[PDB]
Amino acid sequence: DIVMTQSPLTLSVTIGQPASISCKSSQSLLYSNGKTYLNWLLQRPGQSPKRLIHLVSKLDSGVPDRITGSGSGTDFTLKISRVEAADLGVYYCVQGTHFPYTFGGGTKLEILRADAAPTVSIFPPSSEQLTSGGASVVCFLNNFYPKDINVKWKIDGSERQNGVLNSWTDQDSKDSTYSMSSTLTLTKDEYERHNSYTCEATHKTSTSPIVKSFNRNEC
Amino acid sequence: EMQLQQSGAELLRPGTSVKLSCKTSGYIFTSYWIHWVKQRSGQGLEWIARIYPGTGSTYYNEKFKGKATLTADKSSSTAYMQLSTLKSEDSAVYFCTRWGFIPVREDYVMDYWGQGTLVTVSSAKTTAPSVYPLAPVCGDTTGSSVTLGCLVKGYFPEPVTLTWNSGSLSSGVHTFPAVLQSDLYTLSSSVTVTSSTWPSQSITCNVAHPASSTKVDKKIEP
Ligand SMILES: O=C(O)CCCCCNC(=O)CCCP(=O)(O)Oc1ccc([N+](=O)[O-])cc1
Ligand SMILES: [Zn+2]
Ligand SMILES: [Zn+2]
Ligand SMILES: [Zn+2]
Ligand SMILES: [Zn+2]
Ligand SMILES: [Zn+2]
Ligand SMILES: [Zn+2]
Ligand SMILES: [Zn+2]
């Protein structure tokens, strides 16, 4: 089968700037009839894939001509002359010259924006949950940029690594930021044994860790 | 309007089989090839096979011969794909598409895609989620605005549906992808509003889990 290699794996571009993606094949994609069946698809976050280009350089109906494609043989390139927010997603080249049709691994295009410091919120366990004998402490770290961030939980000054569940959103189309959620789960008994619960983040926007905490007690 | 609508998420026992459907409308079903594509862990697409409904003519990627069987009902404009003897590698999202390549013209018309059908191969039991409201105290962001949350945990399998105030509240909502841990998923969503709205106006988390016929609403009480 033909192996399709795409590079880069990820590209971060500012709106208004150009972007180019490469796709290389293990065998020439020139068919015996002289045509080259190389297509480019875009899969936007949470959407099905959509074809942008067919026959190497031909744009599909309704696709902006800011996008162009070129290449031949085993080397192809997709170029966006000027990036717009709507271009965020994963781009794939897929060949149909040789059977079976094979796709490249994809290239994620990320919109590069100004650094944004996280807005962190912390929530102690709900009464409902405690009733069931469980206790989850939740921390939301919303709208930050770059995506790179490290969060650690600390209970009474000591780091807690067991029982942590993290989840991140993909880049937001509205403001180009990322959001993350970190949930620390314990038993109700252990939760009621400690005092301070701290959610601590390490991000580019600060020389010191970003902290959010609460102390549980009575009254 | 060309439209391809696929069947719902499937939870399947190892070694068994499923039949996925792709209902089409808006065009002459018998005149275009319908292709099926597979996607594992996001970036990881594979071409399965294609069928020409007009004749029943099919072509399969060698890898899937014996795994996939394509058929098409002309009377209902519905294409089907049966997957046999399911295994771990079969857990994926499957798409049907009226790709658009017209062989006689050596050119393409617009491609239309179904929304995808997620298949989970597992012997695990269907479990209803526990929904917990997250009223702040420290995660209040102080004045100006405040963020609330909703914790959905301990369910299987995906998916779960989460909305705020019946969908009437979508601006400032972040719903995090579910994470599996110990055979059960956990999902959370936050919503940020102005100090003026909450607690003055009620904010409610709506959750639905089709697999267990669960539907719950949790009001965020201070
Ligand atoms: O090389 C060999 O071994 C034999 C070659 C025989 C292949 C014949 N080739 C064709 O008919 C051209 C079809 C080109 P195509 O762009 O429609 O291919 C596709 C089709 C569906 C796709 N999708 O993603 O759905 C992706 C690519
Ligand atoms: Zn060939
Ligand atoms: Zn050949
Ligand atoms: Zn201690
Ligand atoms: Zn101590
Ligand atoms: Zn302690
Ligand atoms: Zn020509
Ligand atoms: Zn064309």
Side-chain angles (χ1 to χ4, degrees), chain A residues 1 9 33 35 37 39 41 43 47-51 54-55 58 60-62 90 92 94 96 99-108 119-126 128-129 132 134 136 138-140 142-143 165-170 172 174 179-181 183 185 197 199 212-215, chain B residues 4 35 37 39 42-49 59-64 93 95 97 99-101 106-116 130-141 145-149 151 153-154 171 174-179 181 186-190 192 218:
Chain A
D1 299 15
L9 290 179
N33 67 359
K35 304 191 83 69
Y37 303 96
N39 310 285
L41 314 179
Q43 184 172 27
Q47 292 291 294
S48 302
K50 177 61 188 63
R51 190 179 59 237
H54 55 270
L55 296 172
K58 292 171 69 174
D60 267 85
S61 314
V90 183
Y92 299 95
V94 51
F99 197 90
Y101 315 142
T102 54
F103 295 77
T107 296
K108 185 177 183 301
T119 292
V120 182
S121 300
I122 193 168
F123 304 84
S126 55
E128 297 91 331
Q129 189 181 24
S132 317
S136 292
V138 180
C139 192
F140 289 126
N142 288 312
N143 307 117
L165 188 151
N166 300 330
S167 184
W168 305 254
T169 57
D170 206 322
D172 182 24
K174 327 302 159 53
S179 286
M180 173 193 189
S181 175
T183 303
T185 300
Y197 289 84
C199 176
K212 180 121 300 291
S213 47
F214 75 89
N215 282 78
Chain B
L4 305 215
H35 305 229
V37 172
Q39 177 162 50
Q43 305 186 14
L45 294 165
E46 278 190 284
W47 181 80
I48 302 167
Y59 287 78
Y60 298 84
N61 176 334
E62 191 65 38
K63 294 187 46 158
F64 301 89
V93 175
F95 296 99
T97 171
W99 176 247
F101 179 58
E106 280 297 352
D107 209 348
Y108 304 64
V109 295
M110 192 170 159
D111 55 309
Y112 284 95
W113 297 66
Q115 81 280 22
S130 290
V131 184
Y132 304 124
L134 311 174
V137 62
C138 317
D140 50 0
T141 312
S145 67
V146 300
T147 102
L148 314 177
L151 180 62
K153 59 175 304 187
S171 33
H174 287 112
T175 301
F176 305 89
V179 174
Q181 200 185 311
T186 298
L187 176 148
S188 62
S189 179
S190 61
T192 308
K218 276 293 188 297

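To find a chain, count down the sequence lines: A is the first, B the second, and so on, and within it residues start at 1.
Of the two parts of B/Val37, only the side chain, counted from C-beta on, holds a non-hydrogen atom closer than 4.5 Å to a non-hydrogen atom of chain A. Residue contact with chain B, scored on non-hydrogen atoms closer than 4.5 Å, is absent for A/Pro125. Looking at B/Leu187, there are no atoms closer than 4.5 Å to chain A (heavy atoms on both sides), in backbone or side chain. If you measure heavy-atom distances from B/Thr175 to chain A, the contacts under 4.5 Å come from the backbone alone. Using a 4.5 Å cut-off between heavy atoms, A/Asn39 contacts chain B through its side chain alone, with no backbone atom that close. For chain A, no part of B/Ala49 is nearby; none of its heavy atoms comes within less than 4.5 Å. For A/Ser132, the part lying near chain B is the side chain, with the backbone staying farther off; criterion is any non-hydrogen pair under 4.5 Å. Using a 4.5 Å cut-off between heavy atoms, A/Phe214 touches chain B through backbone and side chain atoms alike. With a 4.5 angstrom heavy-atom cutoff, B/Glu106 touches chain A via backbone and side-chain atoms both. The part of A/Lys58 that comes within reach of chain B is its side chain, from C-beta onward, which places non-hydrogen atoms under 4.5 angstrom from that chain. At a 4.5 Å heavy-atom cutoff, B/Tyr112 makes no contact with chain A through either its backbone or its side chain.
Looking at every heavy atom in both residues, B/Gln43 comes nearest to A/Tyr92 through CA-OH, 3.2 Å. Scanning all heavy atoms of the two residues, the minimum distance from A/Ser126 to B/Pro133 falls at CB-O, 3.5 Å.
Under the 6.0 Å cut-off for aromatic ring centres, A/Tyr37 and A/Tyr101 do not qualify, their centroids lying 6.0 Å or more apart. Ring pair B/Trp47/A/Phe99: centre-to-centre distance below 6.0 Å.
Of the listed residues (B/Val93, B/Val179, B/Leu45), the greatest number of heavy-atom pairs within a distance under 4.5 Å of chain A belongs to B/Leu45. Interface check for chain B: of the options A/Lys174, A/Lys50, A/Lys212, A/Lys35, the most heavy-atom pairs under 4.5 Å are formed by A/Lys50. Listed options A/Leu55, A/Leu165, A/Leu41 were ranked by heavy-atom pairs under 4.5 angstrom with chain B; first place goes to A/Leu165. For the set B/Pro177, B/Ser188, B/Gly139, B/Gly42, the entry with the most heavy-atom pairs within less than 4.5 Å of chain A is B/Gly139. Contacts with chain B were tallied for A/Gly105, A/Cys199, A/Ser61; A/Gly105 has the most, counting heavy-atom pairs under 4.5 Å. Each of B/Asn61, B/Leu134, B/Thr141 has some count of heavy-atom pairs under 4.5 Å with chain A, and the biggest count is that of B/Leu134.
Counting heavy atoms from C-beta outward, B/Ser130 and A/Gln129 have side chains that stay 4.5 Å or more apart.
Salt bridge present: B/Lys63 and B/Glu46 bring a charged side-chain N and a carboxylate O closer than 4.0 Å.
In this structure, B/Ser189 contributes its side chain and B/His174 its backbone to a donor-acceptor pair below 3.5 Å. Of the possible polar contacts, one joining the A/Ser179 side chain to the A/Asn143 backbone as a donor-acceptor pair under 3.5 Å is found. A/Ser48 places a side-chain N or O within 3.5 Å of a backbone atom of B/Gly114 that can act as its donor or acceptor partner.
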side-chain hydrogen bond (donor to acceptor under 3.5 Å, both in side chains) evaluation trace for A/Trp168 with A/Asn166: CA-CA 7 Å; A/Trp168 305 254; A/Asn166 300 330; over 6 Å; no
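Note: A/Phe140 and B/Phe176 have parallel aromatic rings, judged against thresholds of 30 and 60 degrees for the angle between ring planes.
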